[PDB]
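This text opens with one protein chain seen in two forms, each one given by itself as C-alpha cells under the names structure 1 and structure 2.
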Structure 1
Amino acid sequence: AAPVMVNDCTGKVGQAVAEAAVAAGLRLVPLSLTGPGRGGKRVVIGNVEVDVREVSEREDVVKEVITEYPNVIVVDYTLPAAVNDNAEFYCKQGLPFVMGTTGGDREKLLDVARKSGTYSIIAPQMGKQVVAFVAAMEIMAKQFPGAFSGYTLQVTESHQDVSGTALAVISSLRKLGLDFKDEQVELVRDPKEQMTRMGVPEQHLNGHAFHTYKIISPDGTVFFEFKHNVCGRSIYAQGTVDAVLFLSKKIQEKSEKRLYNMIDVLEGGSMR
C-alpha cells in the first residue's frame, strides 16, 4: 500500500486520519500543508514527526514529497474555500488524492479530476458503514414498492437543519409506501435530551450523529427499529484509510477508471 500525505495533519479530521493511518501501518509522509495564517511547525502523529509547512510553500513541499515518495497519495481534509484550488493543484501536479473536505463547487471539483484523468476518491461522506446502510436501504426500497404501506414512520435524530443521511433514508422509505414529510423528523438539540433520550456519551455532544428509524404496523403488533450512532471522527478516519488502500490498488492495476466515490470503495471489499 502507498505512502500518504495528509493535508492538514493539524486540522481535527486530518489529525485523526494521520493517526489512524500510522496505527494501521501506512507510511505517513513526514510533511504536511496547513492553512492561511497558520505558521510552520513540527507535530507528532504516533511515532512520526511531521514538518508542517505553510500553504504558500506547496510547490516546493510537493517536490520534496514526490522525490522521496513517488507513489504518494494525498489525503485532503482542509476547508470549503480550499477545495477547488487544491483539486486543480493536485490534478496539475499529477498527484492522486482522496478528498474528504466538504463544500466548494462540487461539479467543478469532479470535472477537473475526471477531465485530467487523475486517480482520485471524492466523497463528502467517508463514514463508510453508514454509506453502506443508506445505499442498501435504497436498493431494497426500489426492489419492493409499497412493502410497508399503512405502517407508521417515526424518525428521531441527533447531530449539531436535518441530516442529509436521514433525508436520504426517508426518501427510500417513501418508496416502501410510508407517508412522512421532512418536517416530521424530530431533531434533538437540547444536550440533556441528547444524553438522556438518545444515549450520547457526555464526551461526544459536540461531535456525533445518532439516528433512529421506527416503523410500526397500524395494529401495533409489528415493530421495526434501525439505529446508526456515530461518536466522534473514527469512522471517517477508518473510512479514509480504506479509501487510500482501494485507490492504491487501482493505481497499481493501472485502471482505466480514475474518479471513484465511497460506493466504489465499498464494492471493492475489505482490504484489512
Structure 2
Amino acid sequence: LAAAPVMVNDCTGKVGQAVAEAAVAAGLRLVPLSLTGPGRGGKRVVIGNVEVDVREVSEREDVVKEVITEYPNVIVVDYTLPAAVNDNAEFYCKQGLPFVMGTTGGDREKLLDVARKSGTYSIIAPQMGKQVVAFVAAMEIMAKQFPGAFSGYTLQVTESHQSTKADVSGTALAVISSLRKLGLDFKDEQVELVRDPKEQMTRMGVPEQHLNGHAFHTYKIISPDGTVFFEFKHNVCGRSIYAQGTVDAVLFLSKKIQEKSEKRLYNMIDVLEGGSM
C-alpha cells in the first residue's frame, strides 16, 4: 500500500490489539512503538510478525519524537479510554500528528473543536464499525426523506453488551432518534438491556466466547393492527468490525493527506462515501 504507517495507542487494549492485527494483515506498516495507559508497565507484544515496544504514557514526548523522526508520515490510531480522549487529542493536534480517534467518551464537543481549530487531518468517529454506520445512516435518511412514515406503529428495542456498559448504546440512541422522526413514540428508558449471560446466549444468540466483547441490537416496528412487522438486527461479535473499519479510515485519511485536502476533519460517513480501498 501507498498508505501512511500507523501507530496504534494502545496496542494492548482489546480494540487497540484488534486494530493492530488487522492493520498488519492488511499490509499497513505498524510502527513498533505504542503508548499504554497510566498504571501499565512497559512491555513487548507480538502483533502478527511485528514486535511492538509498548512504552509508558509518561514517556510519550520521547516516544513521539522517535516515531516522528523514523516515520514522518505516521498516522496515529487512538483506542484508549474516555479519560484520555481530550488530552490525547490536544497532544496530537499540538504535535501536528494526523489521527484516527475511535475511543468513545470524553467531551465530544471539545474534541471536535480542537481537531477542526488546529487544522489537523483527522477522523473522529465513536462508531468505527462502518457497516453499522451505514445502517444507522439509512434509518436517518429514511427519517429525513419520509417524516412520520411509521406514525402509529409500536417500537421495541432490545440490546446486549458486556456488563461493562450499564448504558444504552450510542448507536441504539441514534437509531431511536431517527425512529422518532418516523413517528414512533419511544423513550430511551424503554430500551431493553439484556445483561444476564445465560439469557445473552440462549435468547440473544451471543456465543459463549464473545460474552465480554459483543454488541447485539434488535429493533421491532409493528403496526397498530399487528399485521405489519419490521425487524432490524445488527449483531457484532468481538472486535473485527471495528478493526476493519479503522483500516479503511486510515486508508482514506492517508489519501486526503497526500492530496492536501482543504477539509481536515472527517468522520466515518465520509469514509463510507469514498468506497472500499
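Take the two forms, find the largest set of C-alpha atoms that superpose within 1.5 Å, and that set is the rigid core. Residue 1 is the first residue of structure 1, and the numbers go on in sequence order from there.
- Hinge residue, chosen from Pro191, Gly146, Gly232, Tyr151: the C-alphas switch from fitting one rigid part better to fitting the other at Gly232 when the forms are compared between the two structures.
- Of the two rigid parts that make up the chain, the smaller rotates 12° against the larger between the two structures.
- For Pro218, the Cα deviation between the two structures after core superposition amounts to 6.7 Å.
- Aligning the rigid core leaves the CA of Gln203 displaced by 2.2 Å between the two structures.
- When the core is overlaid, the C-alpha of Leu26 ends up 0.4 Å from its other position between the two structures.
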